[PDB]
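Data file: start-v8.cif. Format and content: mmCIF, C-alpha atoms and all ligand atoms.
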```
data_upload
#
loop_
_atom_site.label_atom_id
_atom_site.label_comp_id
_atom_site.auth_asym_id
_atom_site.auth_seq_id
_atom_site.Cartn_x
_atom_site.Cartn_y
_atom_site.Cartn_z
CA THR G 1 100.84 105.56 99.39
CA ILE G 2 97.28 105.64 97.99
CA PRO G 3 96.80 104.04 94.54
CA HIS G 4 95.53 106.34 91.79
CA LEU G 5 93.15 104.69 89.34
CA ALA G 6 91.56 105.89 86.11
CA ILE G 7 88.39 103.81 86.51
CA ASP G 8 85.30 105.94 85.89
CA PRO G 9 82.51 104.53 88.13
CA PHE G 10 80.00 106.79 86.33
CA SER G 11 80.75 105.56 82.81
CA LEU G 12 78.39 103.40 80.78
CA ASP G 13 81.17 100.80 80.54
CA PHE G 14 81.14 100.58 84.34
CA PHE G 15 77.34 100.39 84.56
CA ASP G 16 77.29 97.58 81.98
CA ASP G 17 79.49 95.31 84.13
CA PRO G 18 80.97 96.81 87.32
CA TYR G 19 82.05 93.64 89.06
CA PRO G 20 85.54 93.19 87.51
CA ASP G 21 86.28 96.87 88.17
CA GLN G 22 84.92 96.52 91.73
CA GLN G 23 87.42 93.75 92.44
CA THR G 24 90.17 95.98 91.03
CA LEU G 25 89.04 98.77 93.37
CA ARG G 26 88.90 96.38 96.34
CA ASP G 27 92.27 94.78 95.63
CA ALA G 28 94.09 98.04 94.83
CA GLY G 29 93.96 98.91 98.53
CA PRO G 30 91.66 99.94 101.38
CA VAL G 31 91.57 103.53 100.06
CA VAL G 32 91.98 104.53 96.41
CA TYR G 33 92.06 107.86 94.61
CA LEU G 34 89.94 108.21 91.46
CA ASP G 35 91.83 110.68 89.22
CA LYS G 36 88.89 110.94 86.83
CA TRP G 37 86.83 112.87 89.40
CA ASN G 38 89.40 113.82 92.10
CA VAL G 39 87.71 111.84 94.87
CA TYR G 40 88.77 109.11 97.24
CA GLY G 41 87.08 105.73 97.04
CA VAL G 42 86.50 102.80 99.40
CA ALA G 43 85.29 99.47 98.01
CA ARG G 44 85.91 96.85 100.72
CA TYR G 45 83.28 96.02 103.31
CA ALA G 46 85.38 97.05 106.31
CA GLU G 47 86.11 100.61 105.15
CA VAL G 48 82.63 101.24 103.71
CA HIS G 49 81.13 100.13 107.02
CA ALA G 50 83.66 102.21 108.97
CA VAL G 51 82.97 105.37 106.95
CA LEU G 52 79.18 105.02 107.27
CA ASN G 53 79.49 104.66 111.04
CA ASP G 54 81.79 107.68 111.51
CA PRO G 55 79.44 110.58 110.72
CA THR G 56 81.40 113.32 112.52
CA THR G 57 84.46 112.66 110.36
CA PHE G 58 82.65 111.69 107.13
CA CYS G 59 79.71 114.08 107.13
CA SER G 60 76.61 114.31 104.95
CA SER G 61 75.77 118.01 105.32
CA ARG G 62 78.08 118.89 102.41
CA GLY G 63 76.04 116.63 100.13
CA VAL G 64 76.10 112.89 99.48
CA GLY G 65 76.64 113.43 95.76
CA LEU G 66 79.89 114.44 94.09
CA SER G 67 79.05 118.13 94.47
CA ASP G 68 80.28 119.83 97.65
CA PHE G 69 77.66 122.16 99.12
CA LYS G 70 80.48 124.28 100.57
CA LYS G 71 81.68 124.95 97.01
CA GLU G 72 78.64 124.70 94.73
CA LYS G 73 74.99 125.41 95.11
CA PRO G 74 72.72 122.37 95.45
CA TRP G 75 70.48 121.76 92.46
CA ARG G 76 67.52 121.68 94.90
CA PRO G 77 67.19 122.71 98.56
CA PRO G 78 69.10 120.13 100.62
CA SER G 79 67.19 117.20 102.06
CA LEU G 80 66.37 117.83 105.72
CA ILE G 81 67.41 114.26 106.63
CA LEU G 82 69.76 112.79 104.01
CA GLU G 83 71.95 115.90 103.71
CA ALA G 84 71.98 116.79 107.42
CA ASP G 85 74.24 115.71 110.26
CA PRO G 86 73.36 115.25 113.93
CA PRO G 87 71.90 117.13 115.66
CA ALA G 88 69.97 118.78 112.78
CA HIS G 89 69.33 115.29 111.36
CA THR G 90 67.80 113.80 114.52
CA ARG G 91 64.29 115.18 114.87
CA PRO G 92 63.43 114.94 111.14
CA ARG G 93 64.81 111.39 111.28
CA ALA G 94 62.58 110.63 114.27
CA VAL G 95 59.51 111.88 112.38
CA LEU G 96 60.15 109.67 109.35
CA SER G 97 61.00 106.77 111.66
CA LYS G 98 57.55 107.06 113.27
CA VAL G 99 55.73 107.72 109.98
CA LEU G 100 57.33 104.58 108.47
CA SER G 101 57.31 102.65 111.75
CA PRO G 102 56.58 98.99 112.48
CA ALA G 103 53.21 100.16 113.82
CA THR G 104 52.52 101.81 110.45
CA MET G 105 53.31 98.62 108.53
CA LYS G 106 50.32 96.94 110.19
CA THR G 107 47.98 99.48 108.56
CA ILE G 108 49.23 98.84 105.01
CA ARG G 109 50.31 95.18 104.93
CA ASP G 110 47.01 93.61 103.88
CA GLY G 111 46.52 96.04 100.99
CA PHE G 112 50.15 95.74 99.90
CA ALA G 113 49.98 91.94 100.00
CA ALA G 114 46.62 91.76 98.21
CA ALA G 115 47.89 94.01 95.42
CA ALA G 116 50.99 91.83 94.95
CA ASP G 117 48.90 88.64 94.79
CA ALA G 118 46.57 90.29 92.28
CA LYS G 119 49.43 91.59 90.12
CA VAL G 120 51.03 88.15 89.87
CA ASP G 121 47.72 86.49 88.96
CA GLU G 122 47.12 89.22 86.36
CA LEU G 123 50.53 88.58 84.79
CA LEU G 124 49.96 84.81 84.81
CA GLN G 125 46.99 85.36 82.50
CA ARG G 126 49.43 87.00 80.05
CA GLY G 127 52.21 84.41 80.32
CA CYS G 128 54.96 86.50 78.71
CA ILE G 129 55.58 89.95 80.20
CA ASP G 130 58.24 92.57 80.93
CA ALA G 131 59.22 91.99 84.55
CA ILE G 132 60.33 95.62 84.84
CA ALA G 133 57.50 97.71 83.37
CA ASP G 134 54.73 95.18 84.07
CA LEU G 135 55.86 93.98 87.52
CA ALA G 136 58.88 95.60 89.19
CA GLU G 137 57.64 99.08 88.21
CA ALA G 138 53.89 98.50 88.13
CA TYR G 139 53.54 97.04 91.63
CA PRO G 140 55.22 99.83 93.69
CA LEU G 141 53.34 102.39 91.60
CA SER G 142 50.11 100.58 92.48
CA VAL G 143 50.61 100.77 96.28
CA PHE G 144 53.10 103.46 97.29
CA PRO G 145 51.53 106.69 95.92
CA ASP G 146 48.23 105.65 97.51
CA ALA G 147 49.94 104.90 100.83
CA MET G 148 51.69 108.27 100.51
CA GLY G 149 48.29 109.91 100.08
CA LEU G 150 49.06 111.47 96.71
CA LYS G 151 46.29 112.61 94.40
CA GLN G 152 45.91 110.84 91.06
CA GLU G 153 46.87 113.89 88.99
CA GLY G 154 50.56 114.21 88.20
CA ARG G 155 51.85 110.77 89.21
CA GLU G 156 53.47 110.54 85.77
CA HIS G 157 56.21 112.79 87.22
CA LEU G 158 57.19 110.32 89.96
CA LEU G 159 59.49 108.06 87.96
CA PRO G 160 61.19 111.01 86.15
CA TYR G 161 61.81 112.83 89.44
CA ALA G 162 63.25 109.73 91.14
CA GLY G 163 65.62 109.12 88.23
CA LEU G 164 66.62 112.79 88.30
CA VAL G 165 67.39 112.72 92.04
CA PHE G 166 69.76 109.78 91.72
CA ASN G 167 71.42 111.07 88.56
CA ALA G 168 72.08 114.37 90.37
CA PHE G 169 74.17 112.57 93.01
CA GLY G 170 76.63 111.84 90.22
CA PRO G 171 79.26 113.93 88.51
CA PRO G 172 78.33 116.57 85.91
CA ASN G 173 78.28 114.05 83.07
CA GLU G 174 75.56 113.88 80.42
CA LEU G 175 73.20 111.77 82.54
CA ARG G 176 73.25 114.40 85.29
CA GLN G 177 73.11 117.54 83.16
CA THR G 178 70.36 116.30 80.83
CA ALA G 179 68.25 115.43 83.89
CA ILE G 180 68.68 118.73 85.73
CA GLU G 181 68.40 121.19 82.84
CA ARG G 182 64.66 120.83 82.09
CA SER G 183 63.60 119.37 85.45
CA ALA G 184 61.48 122.36 86.53
CA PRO G 185 58.14 120.67 85.64
CA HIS G 186 59.06 117.65 87.77
CA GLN G 187 60.18 119.87 90.66
CA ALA G 188 57.03 121.99 90.48
CA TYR G 189 54.80 118.90 90.66
CA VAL G 190 56.73 117.43 93.60
CA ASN G 191 56.86 120.69 95.55
CA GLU G 192 53.11 121.17 95.07
CA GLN G 193 52.24 117.71 96.41
CA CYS G 194 54.38 118.34 99.49
CA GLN G 195 51.85 120.92 100.69
CA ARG G 196 49.45 119.72 103.39
CA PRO G 197 46.14 120.36 101.51
CA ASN G 198 47.28 118.05 98.68
CA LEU G 199 47.97 114.98 100.86
CA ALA G 200 45.27 112.50 101.83
CA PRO G 201 44.66 112.41 105.61
CA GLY G 202 46.07 109.22 107.10
CA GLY G 203 48.72 108.76 104.41
CA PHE G 204 52.46 109.11 104.88
CA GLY G 205 52.59 112.74 103.75
CA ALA G 206 49.71 113.92 105.92
CA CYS G 207 51.20 112.08 108.89
CA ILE G 208 54.45 114.00 108.40
CA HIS G 209 52.52 117.27 108.53
CA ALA G 210 50.67 116.03 111.63
CA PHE G 211 54.01 115.82 113.45
CA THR G 212 54.42 119.61 113.20
CA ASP G 213 52.04 119.72 116.19
CA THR G 214 54.55 117.85 118.38
CA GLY G 215 57.50 120.21 118.04
CA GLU G 216 59.61 117.66 116.21
CA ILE G 217 59.40 119.60 112.93
CA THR G 218 58.07 123.04 112.08
CA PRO G 219 55.31 123.56 109.50
CA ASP G 220 57.87 125.06 107.10
CA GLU G 221 60.07 121.96 107.50
CA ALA G 222 57.24 119.54 106.69
CA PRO G 223 57.07 120.02 102.88
CA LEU G 224 60.80 119.33 102.62
CA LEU G 225 60.44 116.12 104.64
CA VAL G 226 57.53 114.94 102.48
CA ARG G 227 59.81 115.59 99.49
CA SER G 228 62.20 112.92 100.79
CA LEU G 229 59.49 110.28 100.26
CA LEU G 230 58.87 111.46 96.69
CA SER G 231 62.64 111.32 96.04
CA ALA G 232 63.69 108.07 97.72
CA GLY G 233 62.01 104.69 97.78
CA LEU G 234 60.56 104.30 94.28
CA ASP G 235 63.42 103.43 91.90
CA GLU G 236 65.43 101.56 94.54
CA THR G 237 62.49 99.27 95.33
CA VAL G 238 61.67 98.83 91.63
CA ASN G 239 65.27 97.88 90.88
CA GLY G 240 65.41 95.55 93.88
CA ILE G 241 62.25 93.70 92.88
CA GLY G 242 63.46 93.46 89.29
CA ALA G 243 66.79 92.03 90.42
CA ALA G 244 64.97 89.51 92.60
CA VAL G 245 62.96 88.28 89.61
CA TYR G 246 66.15 88.18 87.55
CA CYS G 247 67.90 86.06 90.17
CA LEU G 248 64.91 83.73 90.46
CA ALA G 249 65.13 83.23 86.69
CA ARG G 250 68.92 82.80 86.58
CA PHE G 251 69.17 80.68 89.76
CA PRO G 252 66.21 78.32 89.22
CA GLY G 253 67.20 76.18 92.21
CA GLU G 254 66.55 79.18 94.46
CA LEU G 255 63.05 79.69 93.06
CA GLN G 256 62.32 76.06 93.89
CA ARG G 257 63.50 76.57 97.47
CA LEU G 258 61.32 79.68 97.72
CA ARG G 259 58.32 77.74 96.37
CA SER G 260 58.85 75.03 99.00
CA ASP G 261 59.02 77.60 101.84
CA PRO G 262 57.29 80.88 100.95
CA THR G 263 58.23 82.24 104.39
CA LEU G 264 61.71 82.69 102.90
CA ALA G 265 60.26 85.55 100.82
CA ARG G 266 61.49 88.32 103.12
CA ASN G 267 65.04 86.98 103.21
CA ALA G 268 64.93 86.23 99.48
CA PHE G 269 64.29 89.93 98.91
CA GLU G 270 66.97 90.96 101.41
CA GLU G 271 69.48 88.79 99.55
CA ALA G 272 68.42 90.48 96.30
CA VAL G 273 69.13 93.87 97.92
CA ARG G 274 72.62 92.64 98.85
CA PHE G 275 73.15 91.01 95.44
CA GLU G 276 71.95 94.01 93.41
CA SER G 277 72.56 96.89 95.81
CA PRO G 278 70.11 99.17 93.96
CA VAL G 279 71.85 102.19 95.47
CA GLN G 280 75.35 101.47 94.19
CA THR G 281 77.31 104.51 95.41
CA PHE G 282 77.18 107.80 97.23
CA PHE G 283 79.57 110.16 98.98
CA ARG G 284 80.67 111.55 102.29
CA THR G 285 82.85 114.64 102.79
CA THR G 286 85.67 114.66 105.33
CA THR G 287 85.48 117.27 108.09
CA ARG G 288 89.07 116.58 109.22
CA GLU G 289 92.27 115.10 107.91
CA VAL G 290 91.71 111.41 108.59
CA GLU G 291 93.61 108.12 108.69
CA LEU G 292 91.53 105.44 106.95
CA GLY G 293 93.26 102.14 106.31
CA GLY G 294 96.83 103.41 106.03
CA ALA G 295 95.89 106.54 104.12
CA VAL G 296 95.68 110.14 105.33
CA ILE G 297 92.72 111.82 103.61
CA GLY G 298 92.68 115.60 103.71
CA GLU G 299 89.88 117.76 105.04
CA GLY G 300 87.06 118.73 102.71
CA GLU G 301 87.59 115.73 100.43
CA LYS G 302 84.81 113.71 98.83
CA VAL G 303 84.85 109.98 99.64
CA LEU G 304 82.98 107.62 97.31
CA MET G 305 81.60 104.43 98.88
CA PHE G 306 80.88 101.37 96.72
CA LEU G 307 77.97 99.71 98.52
CA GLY G 308 77.58 97.03 95.85
CA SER G 309 81.27 96.15 96.13
CA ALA G 310 81.09 96.04 99.93
CA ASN G 311 78.17 93.60 99.63
CA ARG G 312 80.24 91.37 97.31
CA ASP G 313 83.57 91.56 99.17
CA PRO G 314 84.95 88.00 99.60
CA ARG G 315 86.75 89.21 102.74
CA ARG G 316 83.29 89.25 104.38
CA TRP G 317 80.96 87.11 102.23
CA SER G 318 81.13 83.48 101.15
CA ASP G 319 80.45 83.05 97.42
CA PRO G 320 79.47 86.74 97.15
CA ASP G 321 78.38 86.46 93.51
CA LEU G 322 75.84 83.71 94.25
CA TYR G 323 72.20 84.46 95.02
CA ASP G 324 71.35 82.40 98.14
CA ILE G 325 67.93 82.93 99.70
CA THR G 326 68.95 81.37 103.03
CA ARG G 327 72.16 83.42 103.30
CA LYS G 328 72.56 85.20 106.63
CA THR G 329 72.13 88.68 105.16
CA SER G 330 72.37 90.73 108.37
CA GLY G 331 75.25 93.19 108.05
CA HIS G 332 74.90 94.04 104.37
CA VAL G 333 75.06 97.76 103.60
CA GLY G 334 72.45 97.81 100.83
CA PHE G 335 70.35 100.02 103.12
CA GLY G 336 73.38 101.86 104.49
CA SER G 337 74.51 101.61 108.09
CA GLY G 338 74.47 103.85 111.14
CA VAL G 339 72.49 107.02 111.76
CA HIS G 340 71.33 107.39 108.14
CA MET G 341 70.46 103.71 107.53
CA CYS G 342 67.43 103.69 105.23
CA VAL G 343 64.49 105.02 107.24
CA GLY G 344 62.17 103.45 104.67
CA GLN G 345 63.64 99.96 104.92
CA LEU G 346 60.43 98.54 106.37
CA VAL G 347 58.41 99.81 103.40
CA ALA G 348 60.92 98.38 100.90
CA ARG G 349 61.08 95.00 102.63
CA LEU G 350 57.27 94.90 102.82
CA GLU G 351 56.85 95.48 99.07
CA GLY G 352 59.64 93.04 98.23
CA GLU G 353 58.46 90.37 100.66
CA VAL G 354 54.83 90.29 99.54
CA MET G 355 55.80 90.29 95.85
CA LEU G 356 58.20 87.38 96.30
CA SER G 357 55.57 85.63 98.45
CA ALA G 358 53.04 85.96 95.62
CA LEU G 359 55.61 84.54 93.19
CA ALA G 360 56.49 81.75 95.63
CA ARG G 361 52.87 80.59 95.93
CA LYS G 362 51.64 81.18 92.37
CA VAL G 363 54.57 80.69 89.96
CA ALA G 364 56.35 77.45 89.01
CA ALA G 365 59.06 78.84 86.73
CA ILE G 366 60.39 82.16 85.40
CA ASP G 367 62.18 81.94 82.05
CA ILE G 368 63.91 84.83 80.30
CA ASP G 369 62.48 84.86 76.78
CA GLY G 370 63.61 88.16 75.28
CA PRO G 371 66.44 90.71 75.15
CA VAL G 372 67.46 92.01 78.57
CA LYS G 373 68.23 95.75 78.69
CA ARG G 374 70.03 97.67 81.43
CA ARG G 375 68.82 100.93 82.97
CA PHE G 376 71.58 103.54 83.20
CA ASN G 377 71.78 105.93 86.16
CA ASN G 378 74.69 107.57 87.93
CA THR G 379 73.98 105.92 91.29
CA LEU G 380 71.26 103.26 90.77
CA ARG G 381 71.73 99.76 89.37
CA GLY G 382 68.76 98.02 87.77
CA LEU G 383 67.30 96.63 84.59
CA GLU G 384 65.30 98.57 82.01
CA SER G 385 63.51 95.58 80.47
CA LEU G 386 63.27 91.93 81.57
CA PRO G 387 61.14 89.85 79.18
CA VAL G 388 60.13 86.66 80.98
CA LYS G 389 57.59 83.88 80.65
CA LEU G 390 55.77 83.02 83.89
CA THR G 391 54.57 79.42 84.33
CA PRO G 392 51.71 79.05 86.84
CA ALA G 393 52.14 76.65 89.73
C1 LIG M 1 65.44 98.35 98.15
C2 LIG M 1 65.02 99.58 98.49
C3 LIG M 1 65.92 100.68 99.11
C4 LIG M 1 67.26 100.79 99.13
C5 LIG M 1 68.32 99.84 98.51
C6 LIG M 1 67.60 102.01 99.86
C7 LIG M 1 68.85 102.51 100.12
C8 LIG M 1 69.15 103.50 101.04
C9 LIG M 1 70.47 103.81 101.55
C10 LIG M 1 71.77 103.06 101.14
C11 LIG M 1 70.37 104.82 102.41
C12 LIG M 1 71.54 105.46 103.19
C13 LIG M 1 71.90 106.83 102.61
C14 LIG M 1 73.10 107.41 103.31
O1 LIG M 1 73.68 106.76 104.21
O2 LIG M 1 73.48 108.56 102.95
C15 LIG M 1 68.97 105.21 102.48
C16 LIG M 1 68.41 106.21 103.25
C17 LIG M 1 67.12 106.68 103.12
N1 LIG M 1 66.08 106.02 102.49
FE1 LIG M 1 66.23 104.28 101.41
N2 LIG M 1 66.42 102.60 100.27
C18 LIG M 1 65.37 101.81 99.83
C19 LIG M 1 64.03 102.07 100.04
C20 LIG M 1 63.50 103.22 100.58
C21 LIG M 1 62.09 103.52 100.76
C22 LIG M 1 60.98 102.53 100.35
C23 LIG M 1 62.00 104.76 101.30
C24 LIG M 1 60.75 105.57 101.71
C25 LIG M 1 59.51 105.08 101.78
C26 LIG M 1 63.35 105.26 101.50
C27 LIG M 1 63.71 106.49 102.04
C28 LIG M 1 64.95 106.82 102.56
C29 LIG M 1 65.31 108.03 103.26
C30 LIG M 1 64.38 109.22 103.57
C31 LIG M 1 66.61 107.96 103.59
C32 LIG M 1 67.43 109.01 104.37
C33 LIG M 1 67.60 108.45 105.79
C34 LIG M 1 68.55 109.27 106.62
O3 LIG M 1 69.38 110.03 106.05
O4 LIG M 1 68.46 109.17 107.88
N3 LIG M 1 64.23 104.30 101.04
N4 LIG M 1 68.26 104.38 101.63
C1 LIG M 2 71.35 108.21 98.89
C2 LIG M 2 70.29 107.32 99.55
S1 LIG M 2 68.76 107.36 98.58
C3 LIG M 2 67.93 108.89 99.06
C4 LIG M 2 67.65 109.86 98.12
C5 LIG M 2 67.02 111.03 98.50
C6 LIG M 2 66.68 111.22 99.83
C7 LIG M 2 65.98 112.52 100.24
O1 LIG M 2 65.55 113.30 99.36
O2 LIG M 2 65.84 112.79 101.47
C8 LIG M 2 66.96 110.25 100.78
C9 LIG M 2 67.59 109.08 100.40
CL CL M 3 62.10 119.65 93.84
MG MG M 4 41.60 95.04 100.17
#
```

structure tokens encoding of this file:
Amino acid sequence: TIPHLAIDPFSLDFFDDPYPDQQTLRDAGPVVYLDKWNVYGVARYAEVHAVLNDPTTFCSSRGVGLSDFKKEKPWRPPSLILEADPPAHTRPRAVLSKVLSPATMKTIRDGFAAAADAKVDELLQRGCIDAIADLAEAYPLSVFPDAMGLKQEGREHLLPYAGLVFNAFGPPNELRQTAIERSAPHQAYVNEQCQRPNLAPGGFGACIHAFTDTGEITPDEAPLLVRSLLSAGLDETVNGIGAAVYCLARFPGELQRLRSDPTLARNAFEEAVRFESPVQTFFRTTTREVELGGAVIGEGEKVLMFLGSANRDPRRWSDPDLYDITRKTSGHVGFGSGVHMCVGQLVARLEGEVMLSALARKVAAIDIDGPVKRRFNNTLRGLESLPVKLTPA
């Protein structure tokens, strides 16, 4: 009753161009079985949204990667928030929700916006740049570690650790195993910076520790929660900003609309998150035998969700493959949906918005002028290099 497919969603062939295969996964049925990895898969918007919003049936405490924590040991201690279900998930979630709250965004917006303006003016003096290394990567690295309260020493481990985290969600292919095997130096750096004395007072990490006073988390829980913000938020935001620049170069009419109304910057970034879906895939594990679509999934089975596919499903989106900066983007699952929906979404949107605002006000054209290279990762989509020429407005 359930179609079996041999598509490998963790192959380089898939990463290079997943969209034809995503249609095949969508059109094969509401639920598919991926024989290559012995997991179920859902690729349409309806089922992805349904799974995300049914946490008691499709749980996260057995891991949101391929590996099942009931069967295998986690490569690192499980995340206190991402790999927890209610009620264990709730109070750590509340802490990060307050640390990364709307109120918090007021304290960082001016600095984040000023840095984005300055970065774009710096790049305009160069003309031709790499929009990944010199922009999409450079800008978040220039604001987020400082906002986190990290010391200067050791920040060279941040990008390697982020890449490792998202590769480890995947199957035990080469990308995953090569990342985990010699990852101890990255883990030692991260674990050290999660300790209270190493975090600048007033930053995100120190604020997490400050919540131990309230009874929401214990002191021994706090380092693990800080770790979440050195795991998530970097590569996804980098990839999202890079995709936004790519779309503004490939859809030049949309850059001209953004220039004419820079207040579209926030939605222009949201549309890029839907278009790119920097977090392409992750898993749930069934706690019960379940009827999804017309399929009966057994208990203890891994269920792979295709967020990028859900955000390009023509059953839900008009012209899903077009980048449209005035599209009504509410309802996309690029940030997830339900109880786990990205707790850092306000930080990501802030970085994306102010960068696209700086582009909107300062740049007249963005032209690709060199070979474009893709960045390969088991669960992230994004570019490795994006040579562009920036024309000043
Ligand atoms: C464009 C940027 C981003 C994208 C596409 C993204 C994507 C996601 C997604 C899809 C989830 C849901 C995971 C699940 O349901 O299992 C999630 C959760 C999460 N995100 Fe993000 N994220 C982004 C930025 C950030 C930032 C900037 C931070 C931190 C500053 C962050 C921290 C987290 C954390 C801690 C969770 C776990 C939340 C929970 O389980 O309750 N993310 N993110
Ligand atoms: C799968 C969504 S991206 C993400 C990665 C790691 C964490 C964490 O370490 O808590 C949270 C979210
Ligand atoms: Cl670690
Ligand atoms: Mg300033």

With only C-alpha atoms and all ligand atoms counted and 7 Å as the cut-off, give the residues of chain G in contact with ligand LIG 2 (chain M), each with its shortest interatomic distance in Å and the pair that gives it, as JSON lines.
```
{"residue": "G:64", "atom": "CA", "partner": "M:LIG2", "partner_atom": "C1", "distance": 6.7}
{"residue": "G:79", "atom": "CA", "partner": "M:LIG2", "partner_atom": "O2", "distance": 4.6}
{"residue": "G:80", "atom": "CA", "partner": "M:LIG2", "partner_atom": "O2", "distance": 6.6}
{"residue": "G:81", "atom": "CA", "partner": "M:LIG2", "partner_atom": "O2", "distance": 5.6}
{"residue": "G:82", "atom": "CA", "partner": "M:LIG2", "partner_atom": "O2", "distance": 4.7}
{"residue": "G:165", "atom": "CA", "partner": "M:LIG2", "partner_atom": "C5", "distance": 6.7}
{"residue": "G:166", "atom": "CA", "partner": "M:LIG2", "partner_atom": "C4", "distance": 6.7}
{"residue": "G:227", "atom": "CA", "partner": "M:LIG2", "partner_atom": "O1", "distance": 6.2}
{"residue": "G:228", "atom": "CA", "partner": "M:LIG2", "partner_atom": "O1", "distance": 3.7}
{"residue": "G:229", "atom": "CA", "partner": "M:LIG2", "partner_atom": "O1", "distance": 6.8}
{"residue": "G:231", "atom": "CA", "partner": "M:LIG2", "partner_atom": "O1", "distance": 4.8}
{"residue": "G:232", "atom": "CA", "partner": "M:LIG2", "partner_atom": "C4", "distance": 4.4}
{"residue": "G:279", "atom": "CA", "partner": "M:LIG2", "partner_atom": "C2", "distance": 6.7}
{"residue": "G:282", "atom": "CA", "partner": "M:LIG2", "partner_atom": "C1", "distance": 6.1}
```

Mind writing the picked residues with C-alpha atoms as a PDB file, in the coordinates of the input?
```pdb
ATOM      1  CA  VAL G  64      76.100 112.890  99.480  1.00  0.00           C
ATOM      2  CA  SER G  79      67.190 117.200 102.060  1.00  0.00           C
ATOM      3  CA  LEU G  80      66.370 117.830 105.720  1.00  0.00           C
ATOM      4  CA  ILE G  81      67.410 114.260 106.630  1.00  0.00           C
ATOM      5  CA  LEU G  82      69.760 112.790 104.010  1.00  0.00           C
ATOM      6  CA  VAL G 165      67.390 112.720  92.040  1.00  0.00           C
ATOM      7  CA  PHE G 166      69.760 109.780  91.720  1.00  0.00           C
ATOM      8  CA  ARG G 227      59.810 115.590  99.490  1.00  0.00           C
ATOM      9  CA  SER G 228      62.200 112.920 100.790  1.00  0.00           C
ATOM     10  CA  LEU G 229      59.490 110.280 100.260  1.00  0.00           C
ATOM     11  CA  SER G 231      62.640 111.320  96.040  1.00  0.00           C
ATOM     12  CA  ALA G 232      63.690 108.070  97.720  1.00  0.00           C
ATOM     13  CA  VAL G 279      71.850 102.190  95.470  1.00  0.00           C
ATOM     14  CA  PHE G 282      77.180 107.800  97.230  1.00  0.00           C
TER      15      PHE G 282
END
```

Dump the neighbourhood of ligand LIG 1 (chain M) as a compact mmCIF listing (two decimals) with C-alpha atoms, keeping the file's coordinate frame: all residues within 7 Å, distances computed on all atoms listed in the file.
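Generated output (selection.txt):
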```
# COMPACT_ATOMS: atom_id res chain seq x y z
CA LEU G 52 79.18 105.02 107.27
CA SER G 60 76.61 114.31 104.95
CA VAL G 64 76.10 112.89 99.48
CA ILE G 81 67.41 114.26 106.63
CA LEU G 82 69.76 112.79 104.01
CA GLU G 83 71.95 115.90 103.71
CA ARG G 93 64.81 111.39 111.28
CA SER G 228 62.20 112.92 100.79
CA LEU G 229 59.49 110.28 100.26
CA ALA G 232 63.69 108.07 97.72
CA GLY G 233 62.01 104.69 97.78
CA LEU G 234 60.56 104.30 94.28
CA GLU G 236 65.43 101.56 94.54
CA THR G 237 62.49 99.27 95.33
CA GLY G 240 65.41 95.55 93.88
CA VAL G 273 69.13 93.87 97.92
CA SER G 277 72.56 96.89 95.81
CA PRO G 278 70.11 99.17 93.96
CA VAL G 279 71.85 102.19 95.47
CA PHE G 282 77.18 107.80 97.23
CA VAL G 333 75.06 97.76 103.60
CA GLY G 334 72.45 97.81 100.83
CA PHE G 335 70.35 100.02 103.12
CA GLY G 336 73.38 101.86 104.49
CA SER G 337 74.51 101.61 108.09
CA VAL G 339 72.49 107.02 111.76
CA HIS G 340 71.33 107.39 108.14
CA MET G 341 70.46 103.71 107.53
CA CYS G 342 67.43 103.69 105.23
CA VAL G 343 64.49 105.02 107.24
CA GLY G 344 62.17 103.45 104.67
CA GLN G 345 63.64 99.96 104.92
CA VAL G 347 58.41 99.81 103.40
CA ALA G 348 60.92 98.38 100.90
```

**Item:** Computed interatomic separation between CA of residue 134 in chain G and CA of residue 384 in chain G (Å)
**Value:**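 Computing it gives 11.3 Å between the two atoms.
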
Mind running chain G against ligand MG 4 (chain M) at 8 Å and telling me each contacting residue's nearest atom pair with the distance in Å (one decimal), counting all atoms listed in the file, chain and number ascending, as CSV?
```
residue,atom,partner,partner_atom,distance
G:110,CA,M:MG4,MG,6.7
G:111,CA,M:MG4,MG,5.1
G:114,CA,M:MG4,MG,6.3
G:115,CA,M:MG4,MG,7.9
```

**Prompt:** Which of these residues is nearest to ligand CL 3 (chain M), using only C-alpha atoms and all ligand atoms: G:142, G:125, G:281, G:193?
**Reply:** G:193

**Complete:** Of G:119, G:70, G:157, G:126, the one sitting nearest ligand CL 3 (chain M) when using all atoms listed in the file is G:157

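Each of G:19, G:35, G:388, G:67 was compared to residue 6 in chain G using only C-alpha atoms, and G:35 turns out to be the nearest.
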
**Asked** Once you count only C-alpha atoms and all ligand atoms, which residues end up within 12 Å of ligand CL 3 (chain M), and could you hand them over as a ChimeraX atom specification?
**Response** /G:74-79,157-158,160-162,164-165,168,180,183-194,223-231

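Atom to atom, CA of residue 288 in chain G and CA of residue 57 in chain G stand 6.2 Å apart.
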
**Asked** Do you know which residues lie at most 9 Å from (79.4, 104.1, 87.4), with coordinates as in the file and all atoms listed in the file counted, and could you write them as a ChimeraX atom specification?
**Response** /G:8-16,18,170,280-281,376-380

**Request:** Compare G:105, G:372, G:322, G:32 by their minimum atom-to-atom distance to residue 254 in chain G, counting only C-alpha atoms, and give me the closest one.
**Result:**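 For residue 254 in chain G, the nearest of the given residues is G:322.
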
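For the set G:139, G:258, G:104, G:152, the residue with the smallest atom-to-atom gap to residue 118 in chain G is G:139, counting all atoms listed in the file.
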